[PDB]
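Reviewing the structure listed below.
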Amino acid sequence: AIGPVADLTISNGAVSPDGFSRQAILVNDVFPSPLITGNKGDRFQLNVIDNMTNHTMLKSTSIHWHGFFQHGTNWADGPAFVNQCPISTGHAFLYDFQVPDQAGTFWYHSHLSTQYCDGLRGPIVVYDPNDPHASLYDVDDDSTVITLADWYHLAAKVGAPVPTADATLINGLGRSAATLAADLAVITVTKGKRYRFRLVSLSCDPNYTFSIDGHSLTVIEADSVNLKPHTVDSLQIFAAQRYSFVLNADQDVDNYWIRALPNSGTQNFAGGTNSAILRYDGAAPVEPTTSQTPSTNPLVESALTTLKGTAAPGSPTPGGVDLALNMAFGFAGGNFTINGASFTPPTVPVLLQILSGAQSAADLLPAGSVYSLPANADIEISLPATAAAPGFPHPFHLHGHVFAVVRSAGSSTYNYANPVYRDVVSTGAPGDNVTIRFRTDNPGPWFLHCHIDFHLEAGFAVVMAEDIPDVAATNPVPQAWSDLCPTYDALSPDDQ
Ligand SMILES: *[C@@H]1O[C@H](CO)[C@@H](O[C@@H]2O[C@H](CO)[C@@H](O)[C@H](O)[C@H]2NC(C)=O)[C@H](O)[C@H]1NC(C)=O
Ligand SMILES: *[C@@H]1O[C@H](CO)[C@@H](O[C@@H]2O[C@H](CO)[C@@H](O)[C@H](O)[C@H]2NC(C)=O)[C@H](O)[C@H]1NC(C)=O
Ligand SMILES: [Cu+2]
Ligand SMILES: [Cu+2]
């Protein structure tokens with residue numbers, strides 16, 4: 001409903017998405033943060049004006065446009081101390097980038113510390129005027145975007161380091177244990193019409209098992225990658241993932257529960273918690289009383305494939321690539337590690353370190369957390385799950401890229417011929433060996449990190465420094481970006 005050229009004014013104020021009032025972060029004076037849209041190939045110019053005054057939730061900010069490749073615009077990707085210094089309060093900064101060759105469902109969120117959990121996070125749709133699935137549906141608009149989010153009555157830096165959510169929000173509304181009369185989100189459909197619902201997880205932590213009573217969901221897109229249509233009766237969506245599914249509203253006129261069960265916190269639907277309402281036009285303005293039927297056809301990620309049936313990069317055998325890396329997870333001293341290193345944000349953002357002459361992974365800070373990748377190559381990364389990294393299953397997101405999921409969680413098999421491609425993948429439970437491949441077609445430093453924000457804060461990340469020698473020439477930076485670090489570094493700590 002706004003974009004692709006827009007101001008995004010960031011401020012603080014009270015919100016009560018589950019009927020409990022608490023201070024949070026507003027965007028253009030609303031919560032939840034507003035939907036941004038554009039079309040395939042568009043230039044987005046999103047001017048982020050930071051007017052936040054609350055240091056507890058951080059006055060500074062930085063925005064990641066989750067899923068966009070940012071080729072040539074690595075400085076716009078958002079992660080603080082990787083791609084930029086934070087925007088300082090009382091300042092604005094223009095993210096100006098293009099989205100060639102992508103269309104689907106995306107989202108934006110703060111990418112400073114655990115700030116997005118305090119409410120800076122909204123959906124983005126990039127429509128495709130030649131969407132290859134356009135004839136599967138009649139309606140695809142602001143009212144078919146569905147977000148899922150975890151909500152806490154204490155702010156991210158006020159509660160426990162890994163807190164448990166008070167409420168699941170669906171399109172910014174939901175109930176907690178003590179607010180069982182709070183308003184539920186309503187999604188309206190007309191009998192006989194087919195809907196492209198674009199489901200986006202804005203979660204800071206839990207994964208949701210999502211279903212709608214009485215209805216199947218025909219999944220057609222995963223994390224902005226078109227799929228062969230695959231009908232399921234439920235699906236599990238991890239933090240920062242997106243699915244488009246077609247719902248054919250061909251059931252009896254009635255209200256039907258939309259359910260989003262989290263993997264932690266309140267795990268039932270008593271009093272309408274973890275729920276929202278699918279209402280057919282003509283149905284009574286009341287809660288559903290429909291029952292859940294057992295899911296016998298859940299989404300299985302290894303069963304999904306791309307619309308094109310694209311092979312994984314490389315040759316169909318383990319290590320069949322230019323560079324293979326294994327990420328060994330651990331946890332010690334209250335910090336997560338990967339291959340023995342815990343990511344601590346460097347004072348000089350990794351992009352700036354490269355622009356200033358750093359040449360190798362050994363040169364780049366933080367030491368032990370940066371991996372140099374060769375240019376124009378195929379890469380394979382395995383991320384075996386382990387109980388040594390508590391709070392599994394951990395979803396990992398690679399910035400700047402889509403990847404082939406050659407091996408998914410809960411599967412023993414490798415698929416090089418036609419695996420799904422996406423950009424956030426669950427690394428699953430101990431015994432799994434989730435394995436991805438991608439091509440290094442995008443010079444720059446890109447975060448690879450766990451999208452449980454509470455764990456990322458705890459160091460659960462590495463940086464892929466891709467094609468270091470070409471990073472500067474590929475990503476010319478605007479002078480507003482070069483002015484971010486001196487502005488930020490001049491702040492006193494209480495103004496951060
Ligand atoms: C800045 O934001 C923080 C976090 O939202 C607010 O913290 C509240 O602090 C009060 C007073 O101690 C507690 O009773 C609340 O439980 C805290 N809220 C949350 C959501 O954790 C703080 O009040 C905000 N500052 C101002 C001036 O509003
Ligand atoms: C997860 O898969 C990776 C990749 O196949 C495994 O790491 C390989 O392990 C073999 C057997 O030791 C070595 O010969 C290769 O050098 C390893 N490759 C890399 C890139 O390190 C890893 O052992 C698997 N982990 C689990 C738990 O199955
Ligand atoms: Cu993200
Ligand atoms: Cu990230």
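Chain lettering (A, B, ...) mirrors the order of the structure tokens, residue numbering begins at 1 for each chain separately, and ligand numbering begins at 1 in order of display.
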Next on the checklist: How would you report the residues lying within 8 Å of ligand 3, as number ranges by chain, if you count only C-alpha atoms and all ligand atoms?
Outcome noted: A: 64-67, 107-109, 111, 240, 397, 451
Checklist entry - Which protein, DNA or RNA residues have an atom within 12 Å of ligand 1, counting only C-alpha atoms and all ligand atoms, as a PyMOL selection string? => result chain A and resi 11-16+20-26+52-59+115+117-119+151-160+163+166
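In this model, the gap between atom 16 (O, counted along the ligand's line) of ligand 2 and atom CA of residue A:310 comes to 26.4 Å.
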Checklist entry - When DSSP works through the backbone of this structure, what residues of stretch 125-350 of chain A end up as strand (DSSP E or B), shown as a VMD selection string? => result chain A and resid 125 to 127 139 145 to 151 167 to 170 173 186 to 189 194 to 201 208 to 212 215 217 to 222 225 to 232 234 to 237 242 to 248 255 to 262 275 to 280 298 306 323 to 326 329 to 332 335 to 338 341
Next on the checklist: I need the helix (DSSP H, G or I) residues of stretch 241-323 of chain A per DSSP on the backbone, written as an MDAnalysis selection string.
Outcome noted: chainID A and resid 270:272 301:303
Item to check | Within 9 Å of ligand 4, counting only C-alpha atoms and all ligand atoms, residues as a ChimeraX atom specification | outcome: /A:64,66,78-79,111,396-399,446-451,453,456,461
Item to check | Within 7 Å of ligand 2 (only C-alpha atoms and all ligand atoms), residues as a PyMOL selection string | outcome: chain A and resi 318-319+324-326+382-384+431-433
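In this comparison, which uses only C-alpha atoms, the residue of A:170, A:434, A:165, A:178 approaching residue A:263 most closely is A:165.
Remark: for residue A:462, the closest of the candidate residues A:340, A:282, A:265, A:313 is A:340 (distances computed over only C-alpha atoms).
Distances here use only C-alpha atoms; by that measure, the residue among A:371, A:438, A:69, A:403 closest to residue A:421 is A:403.
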Next on the checklist: Applying 10 Å and only C-alpha atoms, which residues near stretch 368-370 of chain A remain after dropping the ones on its own chain fewer than 6 positions away? List them as a PyMOL selection string.
Outcome noted: chain A and resi 337-344+350+360-362+445-448+459-466
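Take the candidates A:349, A:316, A:333, A:486 and check each one against residue A:418 using only C-alpha atoms; the shortest distance goes to A:316.
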Checklist entry - Neighbours of residue A:180 within 8 Å (only C-alpha atoms; same-chain residues fewer than 6 positions away dropped), as a VMD selection string? => result chain A and resid 271 to 273
Residues as selected, C-alpha atoms, written as a short mmCIF file (atom, residue, chain, number, x, y, z; two decimals), in the first residue's frame, can you do that?
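Result file follows (selection.cif):
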```
data_model
loop_
_atom_site.label_atom_id
_atom_site.label_comp_id
_atom_site.auth_asym_id
_atom_site.auth_seq_id
_atom_site.Cartn_x
_atom_site.Cartn_y
_atom_site.Cartn_z
CA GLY A 271 -9.81 -19.07 24.12
CA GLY A 272 -8.73 -18.28 20.54
CA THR A 273 -5.00 -17.72 21.24
#
```
Item to check | For stretch 132-138 of chain A: contacts at 8 Å, only C-alpha atoms, fewer than 3 positions along chain excluded, given as a list in words | outcome: residues 193, 194, 195, 196, 220 and 246 of chain A
Grab the residues selected above and save them as a PDB file, in the first residue's frame with C-alpha atoms.
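Contents of again-v1.pdb, as written:
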```pdb
ATOM      1  CA  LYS A 193     -13.217 -16.750  -5.604  1.00  0.00           C
ATOM      2  CA  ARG A 194      -9.599 -17.923  -5.452  1.00  0.00           C
ATOM      3  CA  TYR A 195      -7.088 -16.027  -3.315  1.00  0.00           C
ATOM      4  CA  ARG A 196      -3.290 -15.712  -3.440  1.00  0.00           C
ATOM      5  CA  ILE A 220       3.043 -21.789  -5.211  1.00  0.00           C
ATOM      6  CA  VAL A 246      -3.812 -20.294  -3.238  1.00  0.00           C
TER       7      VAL A 246
END
```
Test item: residues at most 6 Å from residue A:288, only C-alpha atoms, excluding those fewer than 4 positions along its chain, as an mmCIF file with N, CA and C atoms, in the first residue's frame:
```cif
data_model
loop_
_atom_site.group_PDB
_atom_site.id
_atom_site.type_symbol
_atom_site.label_atom_id
_atom_site.label_comp_id
_atom_site.auth_asym_id
_atom_site.auth_seq_id
_atom_site.Cartn_x
_atom_site.Cartn_y
_atom_site.Cartn_z
ATOM 1 N N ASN A 255 -17.481 -19.120 9.219
ATOM 2 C CA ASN A 255 -16.192 -18.676 9.796
ATOM 3 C C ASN A 255 -15.392 -19.905 10.047
ATOM 4 N N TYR A 256 -14.063 -19.851 9.736
ATOM 5 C CA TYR A 256 -13.209 -20.995 9.867
ATOM 6 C C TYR A 256 -11.999 -20.480 10.629
ATOM 7 N N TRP A 257 -11.482 -21.217 11.598
ATOM 8 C CA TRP A 257 -10.228 -20.792 12.327
ATOM 9 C C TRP A 257 -8.992 -20.846 11.386
#
```
Item to check | Nearby residues (only C-alpha atoms) at most 7 Å from residue A:331, same-chain spacing under 2 positions excluded, as a ChimeraX atom specification | outcome: /A:334-337,388-389
Those same residues, written as a PDB file, in the first residue's frame with C-alpha atoms?
```
ATOM      1  CA  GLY A 334      26.652 -17.697  26.997  1.00  0.00           C
ATOM      2  CA  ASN A 335      27.549 -17.277  23.288  1.00  0.00           C
ATOM      3  CA  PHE A 336      26.743 -19.359  20.173  1.00  0.00           C
ATOM      4  CA  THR A 337      29.683 -20.387  18.015  1.00  0.00           C
ATOM      5  CA  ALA A 388      25.341 -28.263  21.433  1.00  0.00           C
ATOM      6  CA  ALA A 389      23.422 -25.296  19.998  1.00  0.00           C
TER       7      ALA A 389
END
```
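Each of A:131, A:233, A:221, A:301 was compared to residue A:428 using only C-alpha atoms, and A:301 turns out to be the nearest.
Using only C-alpha atoms, the smallest distance between any of A:35, A:247, A:80, A:88 and residue A:493 comes from A:88.
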